[PDB]
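Take a look at the structure below.
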Amino acid sequence: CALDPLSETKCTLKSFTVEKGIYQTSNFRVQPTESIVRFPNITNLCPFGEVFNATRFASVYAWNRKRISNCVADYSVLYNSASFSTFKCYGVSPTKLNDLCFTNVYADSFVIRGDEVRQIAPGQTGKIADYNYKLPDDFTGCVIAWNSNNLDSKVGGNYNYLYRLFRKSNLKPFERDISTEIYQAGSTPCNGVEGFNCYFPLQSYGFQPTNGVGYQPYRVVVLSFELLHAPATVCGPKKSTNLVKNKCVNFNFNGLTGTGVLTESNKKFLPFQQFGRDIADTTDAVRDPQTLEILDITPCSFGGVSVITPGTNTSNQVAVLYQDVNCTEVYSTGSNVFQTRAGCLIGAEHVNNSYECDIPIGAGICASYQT
Amino acid sequence: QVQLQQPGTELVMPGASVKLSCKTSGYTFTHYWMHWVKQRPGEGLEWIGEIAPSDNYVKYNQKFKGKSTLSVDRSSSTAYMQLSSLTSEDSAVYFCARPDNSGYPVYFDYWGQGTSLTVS
Amino acid sequence: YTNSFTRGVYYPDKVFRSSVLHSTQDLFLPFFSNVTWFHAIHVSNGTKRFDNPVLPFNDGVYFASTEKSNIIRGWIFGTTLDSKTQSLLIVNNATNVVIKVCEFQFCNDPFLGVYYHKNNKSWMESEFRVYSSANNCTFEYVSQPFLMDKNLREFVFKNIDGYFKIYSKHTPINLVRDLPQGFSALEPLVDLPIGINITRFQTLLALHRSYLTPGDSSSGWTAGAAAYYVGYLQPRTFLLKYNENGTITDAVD
Amino acid sequence: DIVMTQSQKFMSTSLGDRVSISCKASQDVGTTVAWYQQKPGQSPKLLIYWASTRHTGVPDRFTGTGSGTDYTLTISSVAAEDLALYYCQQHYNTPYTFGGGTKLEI
Amino acid sequence: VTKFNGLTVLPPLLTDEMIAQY
Ligand SMILES: *[C@@H]1O[C@H](CO)[C@@H](O)[C@H](O)[C@H]1NC(C)=O
Ligand SMILES: *[C@@H]1O[C@H](CO)[C@@H](O)[C@H](O)[C@H]1NC(C)=O
Ligand SMILES: *[C@@H]1O[C@H](CO)[C@@H](O)[C@H](O)[C@H]1NC(C)=O
Ligand SMILES: *[C@@H]1O[C@H](CO)[C@@H](O)[C@H](O)[C@H]1NC(C)=O
Ligand SMILES: *[C@@H]1O[C@H](CO)[C@@H](O)[C@H](O)[C@H]1NC(C)=O
Ligand SMILES: *[C@@H]1O[C@H](CO)[C@@H](O)[C@H](O)[C@H]1NC(C)=O
Ligand SMILES: *[C@@H]1O[C@H](CO)[C@@H](O)[C@H](O)[C@H]1NC(C)=O
Ligand SMILES: *[C@@H]1O[C@H](CO)[C@@H](O)[C@H](O)[C@H]1NC(C)=O
Ligand SMILES: *[C@@H]1O[C@H](CO)[C@@H](O)[C@H](O)[C@H]1NC(C)=O
Ligand SMILES: *[C@@H]1O[C@H](CO)[C@@H](O)[C@H](O)[C@H]1NC(C)=O
């Protein structure tokens with residue numbers, strides 16, 4: 001059957017002597033060459049420069065919380081950067097963050113020493129965890145810590161940052177305690193002054209360059225990923241591929257997910273409108289999100305092979321008719337390619353002289369076997 | 001309970017390729033990475049690399065780059081590590097490890113049963 | 001009160017259609033349906049008559065205004081109008097529109113204080129008196145102010161699948177009391193992923209410095225143009241007519 | 001990269017006595033040192049993951065001490081189950097390096 | 001007197017100019 005078009009005709013009719021006529025043997029479908037995905041420009045970038053190298057950081061007890069939303073966050077780019085010494089993501093992988101979407105994310109910027117880096121993690125008990133900042137056990141997020149010895153350590157000593165040595169009760173997860181009330185460790189009530197049983201809860205950090213790496217200051221930013229069963233305000237940047245025209249390709253224009261050959265079009269969309277439609281509720285035009293140009297979508301060419309044969313008693317050569325398909329845009333091509341309204345038939349050579357109709361083709365064109 | 005099951009007693013011929021399996025159960029596979037550790041009696045224990053499930057990010061130790069290929073299957077929660085061009089030096093026991101966090105640093109809170117690879 | 005003759009129709013979707021009649025079923029303001037017409041503030045004697053009712057927000061609300069002094073300043077949206085539940089605010093001021101979705105403890109009669117600068121010969125807001133405090137603030141949005149700049153400003157407010165969609169349209173008119181007869185489709189303005197269910201809404205009014213005086217008569221400001229129309233959207237079927245350019249020329253209820 | 005060196009490979013201790021296992025660090029790794037125990041034909045088990053905080057399940061007998069570049073694994077009383085192979089691991093940064101191992105014996 | 005989704009429309013054998021000749 002697959003040897004040659006005459007053999008395909010023989011197989012379709014299930015005979016060995018096919019008579020003069022036209023026989024639709026199979027369908028010619030043009031497969032998509034490639035796939036293209038286009039998405040709008042990254043706009044309103046998140047202010048991650050602050051959580052990277054802000055001029056100052058808050059103390060761990062009064063940890064600063066920053067709301068990040070309505071922007072595009074490149075968590076993968078954050079992971080690639082080697083400035084961060086510690087990049088722990090207990091909830092989910094850092095690389096999946098770029099693909100994933102969250103309705104809101106918060107950054108917790110605070111300064112703790114290297115030895116206290118462990119205390120900020122699920123499943124961990126410590127003085128910083130108990131009285132300064134606590135993490136939920138089921139919390140999904142990334143803990144980012146990098147060395148801040150040059151920034152937050154001085155020869156005289158950096159005592160600006162404060163941490164709470166003790167408190168009446170352990171701090172709840174994601175609870176910020178800035179209270180300066182003097183702690184009471186005895187039955188005698190505190191009177192707001194230092195006493196034998198009364199000690200100030202906050203303690204000044206000891207930061208010096210000569211101190212060990214664990215004692216050396218570190219700036220820690222904690223990213224919290226939260227879903228409220230609501231559409232995601234912040235998401236990772238979406239991949240964009242260069243647009244290709246006049247080639248049947250798979251296209252994804254902000255979720256159209258269609259297949260067709262794209263063409264520049266003269267129809268004028270309304271500025272808010274994105275993708276057009278025809279009468280029969282089928283997509284017919286789309287606007288490129290990157291550049292506001294309107295692209296028509298005609299589908300990939302298809303038709304019927306429709307072998308043109310004379311009687312096998314007379315000849316063994318045939319002509320292949322590719323209906324509604326022009327061969328230039330797309331038996332192998334290059335052998336007396338003739339194009340008519342019904343299609344672009346292959347294997348028969350056009351003649352201006354007109355005779356009686358023998359094999360119908362379409363639009364007044366009739367094929368025949370003649371010298 | 002968290003379990004990381006490995007077949008063990010692997011037997012291969014030099015120059016071939018082996019696909020060591022680390023079956024995991026009792027814990028969510030997607031929320032954590034996967035690490036492999038090689039154990040030679042004369043070289044002790046050495047970390048091989050890290051693979052992120054449902055991700056294309058792969059990191060190999062410089063010594064074991066190319067020698068070991070990390071593969072992950074989301075279905076059935078199985079982790080694979082392919083060793084190509086096996087020599088006599090590759091004859092060792094390989095441990096799959098469950099990281100405490102999907103990232104770095106990590107201290108390998110949990111470990112697998114281990115496959116004893118022999119190259120003969 | 002005042003019939004809305006073929007008004008309140010917005011583009012249902014961002015789809016482009018040319019020279020076709022599209023029958024869509026969506027929340028619409030029914031044709032020839034009376035819409036309540038409110039006098040927000042009336043000054044006689046000079047006595048100030050203040051009336052800013054909190055109308056229930058059911059399905060969609062067709063809001064229109066015919067104020068040339070821009071006395072109307074914004075909107076309130078909240079299911080309880082209390083700090084217990086989150087509420088939506090749309091505030092228009094000189095630089096930009098202020099949109100804030102947060103738990104708001106509103107005042108009894110929210111308004112905006114605005115004063116006149118003799119040196120600059122211009123009016124700028126003095127103080128903001130709308131909410132006592134804001135807690136659990138979630139969504140904040142800023143855009144170029146649209147309500148500013150004898151003309152009819154039609155706004156349709158919808159909250160479907162957690163999306164607060166606002167449509168706008170500005171048309172100069174020659175009518176005074178009633179909505180002019182004639183059709184103009186409402187283009188989308190911005191879509192908000194608010195995700196809060198709301199049942200009540202109220203309108204912001206900017207109050208001049210003279211109105212804030214304790215005297216019952218305010219001779220420095222006039223609020224006679226403070227008239228806004230309100231209609232309620234209902235589920236309906238409409239036959240929308242798209243012209244060649246892509247706009248809605250005519251519609252059938 | 002950072003290398004872990006356990007100086008002594010095979011060492012002897014009697015049952016019930018207090019013993020200390022030494023691990024050396026080439027660079028100051030703060031307190032990021034982990035210890036594991038491996039019985040013959042058994043998977044390694046985490047004992048003390050940072051410098052002093054013991055893993056879940058492990059007895060109070062294992063106590064991790066040390067800071068800076070010197071780190072010590074101490075066992076208050078040596079049991080028959082404690083006669084195994086022990087490793088020290090640094091988690092300062094990638095790549096990860098373990099110790100040379102140390103086996104307890106009588 | 002006054003569509004590609006798997007459908008096709010075949011041109012008539014006799015074109016409208018040609019039936020005019022008949
Ligand atoms: C560090 O700050 C500089 C300028 O302040 C800028 O490159 C950026 O905000 C920070 N660096 C990175 C890699 O983000
Ligand atoms: C997107 O970026 C390209 C970069 O050249 C620019 O030409 C185009 O105008 C931008 N479009 C929008 C909508 O920002
Ligand atoms: C082939 O077609 C038929 C088949 O018998 C007959 O006319 C003859 O044998 C051959 N030649 C022509 C011109 O038809
Ligand atoms: C496509 O087909 C039309 C008629 O079907 C023809 O005029 C045109 O030349 C063809 N395209 C090319 C590139 O030849
Ligand atoms: C048919 O006539 C056209 C006239 O333009 C000519 O170009 C073509 O070569 C002719 N073909 C044949 C087969 O005579
Ligand atoms: C006018 O408004 C009233 C509400 O008072 C309503 O009952 C009536 O149906 C509306 N239309 C007409 C034609 O009265
Ligand atoms: C207008 O609102 C913006 C909102 O950010 C504010 O920054 C600005 O000061 C306001 N201006 C006046 C005159 O109220
Ligand atoms: C704040 O709003 C969120 C919105 O979902 C809600 O879940 C939460 O309970 C509210 N209260 C807080 C965070 O104290
Ligand atoms: C509004 O939405 C919240 C979200 O869970 C729901 O709990 C509440 O019952 C809703 N209120 C009404 C009146 O439907
Ligand atoms: C709108 O349509 C009219 C004719 O109906 C046409 O003259 C005009 O150019 C069109 N405007 C645009 C922007 O397409």
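So which residues in the range A:267-277 are at the interface with chain C (Cβ under 8 Å from one of its Cβ atoms) and in a loop (DSSP other than H, G, I, E, B), if there are any at all?
A:267, A:268, A:269, A:270, A:272, A:273, A:274
How many residues are facing another protein chain (nearest Cβ under 7 Å) and part of a strand (DSSP E or B) when one looks only at the range B:96-109?
So the count comes out to 1.
Suppose we keep only residues that are part of a loop (DSSP other than H, G, I, E, B) and touching a strand residue (DSSP E or B) at 6+ places or on another chain (Cβ under 7 Å) within the range A:213-227. Which one would you say is nearest to ligand 7 (Cβ to nearest atom)?
As a first pass, look at the range A:213-227 and keep what is part of a loop (DSSP other than H, G, I, E, B): A:213-216, A:227.
Applying the additional criterion that residues be touching a strand residue (DSSP E or B) at 6+ places or on another chain (Cβ under 7 Å) yields A:214-216, A:227.
Numbers: A:214: 44, A:215: 44, A:216: 41, A:227: 29 Å.
Residue satisfying both the conditions and the ranking: A:227.
Within the range D:15-65, which residues are within 11 Å of another protein chain (Cβ to nearest Cβ), in a strand (DSSP E or B) and buried (at least 18 other Cβ atoms within 10 Å of the Cβ)?
The answer is D:25, D:33, D:34, D:35, D:36, D:37, D:38, D:46, D:47, D:48.
Checking residue A:211 against (1) surrounded by 15 or more Cβ atoms within 10 Å (Cβ to Cβ); (2) at positive phi, which single condition isn't satisfied?
Of (1) surrounded by 15 or more Cβ atoms within 10 Å (Cβ to Cβ); (2) at positive phi, only one is false for residue A:211: (2).
Could you check, for the range A:73-81, whether at least one of its residues is part of a strand (DSSP E or B), buried (at least 17 other Cβ atoms within 10 Å of the Cβ) and away from chain B (no Cβ under 14 Å)? Steps first, answer last, please.
So in the range A:73-81, the residues part of a strand (DSSP E or B) come out as none.
Within the range A:73-81, none of the residues are part of a strand (DSSP E or B), buried (at least 17 other Cβ atoms within 10 Å of the Cβ) and away from chain B (no Cβ under 14 Å).
Are any residues in the range D:78-93 surrounded by fewer than 18 Cβ atoms within 10 Å (Cβ to Cβ), in a loop (DSSP other than H, G, I, E, B) and more than 15 Å from the chain's Cα centre (by Cα), and if so, which ones?
Across the range D:78-93, the qualifying residues are D:79, D:93.
Just checking: which of the strands (runs of 3 or more DSSP E) contained wholly in the range C:26-138 hold 1 or more residues that are within 16 Å of ligand 9 (Cβ to nearest atom)?
Details: elements: C:36-39, C:41-43, C:48-50, C:61-65, C:72-78, C:86-92, C:97-117.
The strands (runs of 3 or more DSSP E) meeting that bar are C:72-78, C:86-92, C:97-117.
Would you point out which residue out of A:106, A:131, A:61 is in contact with a strand residue (DSSP E or B) (Cβ under 9 Å, 6 or more places away or on another chain), within 25 Å of residue C:137 (Cα to Cα) and crowded, with 21+ Cβ neighbours inside 10 Å?
Details: A:106 fails: crowded, with 21+ Cβ neighbours inside 10 Å; A:131 fails: within 25 Å of residue C:137 (Cα to Cα).
Going through A:106, A:131, A:61 in turn, the sole match is A:61.
Could we say that residue A:286 is under 43 Å from the mean Cα position of the chain (by Cα), away from ligand 6 (no atom under 16 Å from the Cβ), aliphatic (A, V, I, L, M) and within 11 Å of another protein chain (Cβ to nearest Cβ) here?
Details: under 43 Å from the mean Cα position of the chain (by Cα): yes; away from ligand 6 (no atom under 16 Å from the Cβ): yes; aliphatic (A, V, I, L, M): yes; within 11 Å of another protein chain (Cβ to nearest Cβ): yes.
Taking the combined requirement at face value, the residue satisfies it.
Take residue C:173 and decide whether it is touching a strand residue (DSSP E or B) at 6+ places or on another chain (Cβ under 9 Å), within 22 Å of residue C:207 (Cβ to Cβ), of a type in the set (A, V, I, L, M) and away from ligand 1 (no atom under 16 Å from the Cβ).
Numbers: touching a strand residue (DSSP E or B) at 6+ places or on another chain (Cβ under 9 Å): yes; within 22 Å of residue C:207 (Cβ to Cβ): no; of a type in the set (A, V, I, L, M): yes; away from ligand 1 (no atom under 16 Å from the Cβ): yes.
Considered against the rule, which asks whether it is touching a strand residue (DSSP E or B) at 6+ places or on another chain (Cβ under 9 Å), within 22 Å of residue C:207 (Cβ to Cβ), of a type in the set (A, V, I, L, M) and away from ligand 1 (no atom under 16 Å from the Cβ), residue C:173 comes out as no.
Collect the residues in the range D:1-60 that are of a type in the set (A, V, I, L, M) and closer than 12 Å to residue D:72 by Cα, keeping them in residue-number order.
Restricting attention to the range D:1-60, the residues satisfying the condition of being of a type in the set (A, V, I, L, M) are D:2-4, D:11, D:15, D:19, D:21, D:25, D:29, D:33-34, D:46-48, D:51, D:58.
Those that are of a type in the set (A, V, I, L, M) and closer than 12 Å to residue D:72 by Cα: D:19, D:21, D:25, D:33, D:34, D:48, D:51.
Every residue in the range A:53-72 that is outside any loop (DSSP other than H, G, I, E, B) and under 17 Å from the mean Cα position of the chain (by Cα), please. It would help to see each step written out before you state the result.
Taking the range A:53-72 and keeping what is outside any loop (DSSP other than H, G, I, E, B), we get A:53, A:59, A:64-68, A:72.
Across the range A:53-72, the qualifying residue is only A:72.
Is it the case, given these coordinates, that residue C:231 is surrounded by 19 or more Cβ atoms within 10 Å (Cβ to Cβ), within 16 Å of ligand 6 (Cβ to nearest atom) and not acidic (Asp, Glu)? It would help to see each step written out before you state the result.
On the way: surrounded by 19 or more Cβ atoms within 10 Å (Cβ to Cβ): yes; within 16 Å of ligand 6 (Cβ to nearest atom): yes; not acidic (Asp, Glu): yes.
Yes, satisfied.
Every residue in the range C:34-57 that is surrounded by 13 or more Cβ atoms within 10 Å (Cβ to Cβ) and charged (D, E, K, R), please.
Once the filter is applied, which keeps residues that are surrounded by 13 or more Cβ atoms within 10 Å (Cβ to Cβ) and charged (D, E, K, R), the range C:34-57 yields only C:48.
Please go through the range C:1-25 and pick out each residue that is part of a strand (DSSP E or B), under 27 Å from the mean Cα position of the chain (by Cα) and crowded, with 17+ Cβ neighbours inside 10 Å.
Filtering the range C:1-25 for residues part of a strand (DSSP E or B) gives C:3-4, C:10, C:16, C:20-25.
If we keep only those that are under 27 Å from the mean Cα position of the chain (by Cα) too, we end up with C:3-4, C:10, C:16, C:24-25.
Hits for the range C:1-25 are C:4, C:10, C:16.
Going through the range D:1-55 one residue at a time, which ones are over 18 Å from residue D:82 (Cα atoms) and of a type in the set (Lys, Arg)?
Once the filter is applied, which keeps residues that are over 18 Å from residue D:82 (Cα atoms) and of a type in the set (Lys, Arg), the range D:1-55 yields only D:24.
Between residues in the range C:230-253 that are within 14 Å of chain A (Cβ to nearest Cβ) and more than 16 Å from ligand 4 (Cβ to nearest atom) and residues that are part of a loop (DSSP other than H, G, I, E, B) and among the polar types (S, T, N, Q), which pairs lie under 6 Å by C-beta distance while being six or more apart or on different chains?
Once the first residue is within 14 Å of chain A (Cβ to nearest Cβ) and more than 16 Å from ligand 4 (Cβ to nearest atom) and sits in the range C:230-253, its partners that are part of a loop (DSSP other than H, G, I, E, B) and among the polar types (S, T, N, Q) give C:244/C:18; C:244/C:19; C:249/C:243.
In the range A:83-120, what count of residues is obtained for those that are assigned to a loop (DSSP other than H, G, I, E, B) and either more than 10 Å from chain D (Cβ to nearest Cβ) or not small (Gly, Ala, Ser) (or both)?
Summing the residues that are assigned to a loop (DSSP other than H, G, I, E, B) and either more than 10 Å from chain D (Cβ to nearest Cβ) or not small (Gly, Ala, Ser) (or both) in the range A:83-120 gives 11.
Within the range C:139-188, how many residues turn out to be within 23 Å of residue A:274 (Cβ to Cβ) and assigned to a loop (DSSP other than H, G, I, E, B)?
The number of residues fulfilling the criteria is 6.
For residue A:280, state whether it is farther than 30 Å from residue A:8 by Cβ and either away from chain C (no Cβ under 14 Å) or surrounded by fewer than 20 Cβ atoms within 10 Å (Cβ to Cβ) (or both). Walk me through how you get there before you give the answer.
Numbers: farther than 30 Å from residue A:8 by Cβ: yes; either away from chain C (no Cβ under 14 Å) or surrounded by fewer than 20 Cβ atoms within 10 Å (Cβ to Cβ) (or both): yes.
So residue A:280 passes the test.
Would you please name the residue that is nearest to residue C:26 (Cα to Cα), looking only at residues in the range C:197-253 that are among the aromatic types (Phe, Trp, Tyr) and assigned to a strand (DSSP E or B)? Walk me through how you get there before you give the answer.
Of the range C:197-253, the ones among the aromatic types (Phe, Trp, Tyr) are C:201, C:211, C:221, C:228-229, C:232, C:238, C:242.
With assigned to a strand (DSSP E or B) added as a condition, the list becomes C:201, C:228-229, C:232, C:238, C:242.
Details: C:201: 21, C:228: 24, C:229: 21, C:232: 13, C:238: 8, C:242: 17 Å.
Top of the filtered list is C:238.
For the range C:61-85, name all the residues that are buried (at least 23 other Cβ atoms within 10 Å of the Cβ) and of a type outside the set (A, V, I, L, M).
C:62, C:63, C:77, C:78
Would you mind finding the one in A:243, A:292 that is within 14 Å of chain C (Cβ to nearest Cβ), assigned to a loop (DSSP other than H, G, I, E, B) and more than 16 Å from ligand 5 (Cβ to nearest atom)? Before you say what the answer is, go through the steps one by one.
On the way: A:243 fails: within 14 Å of chain C (Cβ to nearest Cβ).
Selected residue: A:292, the only one of A:243, A:292 that is within 14 Å of chain C (Cβ to nearest Cβ), assigned to a loop (DSSP other than H, G, I, E, B) and more than 16 Å from ligand 5 (Cβ to nearest atom).
Mind counting the residues in the range A:338-352 that are surrounded by fewer than 18 Cβ atoms within 10 Å (Cβ to Cβ) and either among the small types (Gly, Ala, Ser) or within 14 Å of chain E (Cβ to nearest Cβ) (or both)?
Qualifying residue count, the range A:338-352: 3.
Hey, among A:96, A:88, A:14, which residue is more than 16 Å from ligand 4 (Cβ to nearest atom) and over 24 Å from the mean Cα position of the chain (by Cα)? Lay out the reasoning, then the answer.
Values: A:96 fails: over 24 Å from the mean Cα position of the chain (by Cα); A:88 fails: over 24 Å from the mean Cα position of the chain (by Cα).
Just one listed residue meets the conditions, A:14.
Report, by residue number, each residue of the range B:22-70 that is away from chain D (no Cβ under 11 Å), in contact with a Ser or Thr (Cβ under 6 Å, 6 or more places away or on another chain), in a strand (DSSP E or B) and not basic (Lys, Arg).
Result: B:24, single match.
Report whether or not residue B:78 is more than 10 Å from chain D (Cβ to nearest Cβ) and out of contact with any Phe, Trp or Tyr (no Cβ under 9 Å at 6 or more places or on another chain). Break it down stepwise before answering.
Numbers: more than 10 Å from chain D (Cβ to nearest Cβ): yes; out of contact with any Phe, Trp or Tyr (no Cβ under 9 Å at 6 or more places or on another chain): no.
Answer is no for this residue.
FYI, it's all coordinate maths here, none of it is from the lab. Note: ideal-geometry Cβ built from the backbone for every residue, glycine included; neighbour counts use all protein chains shown.
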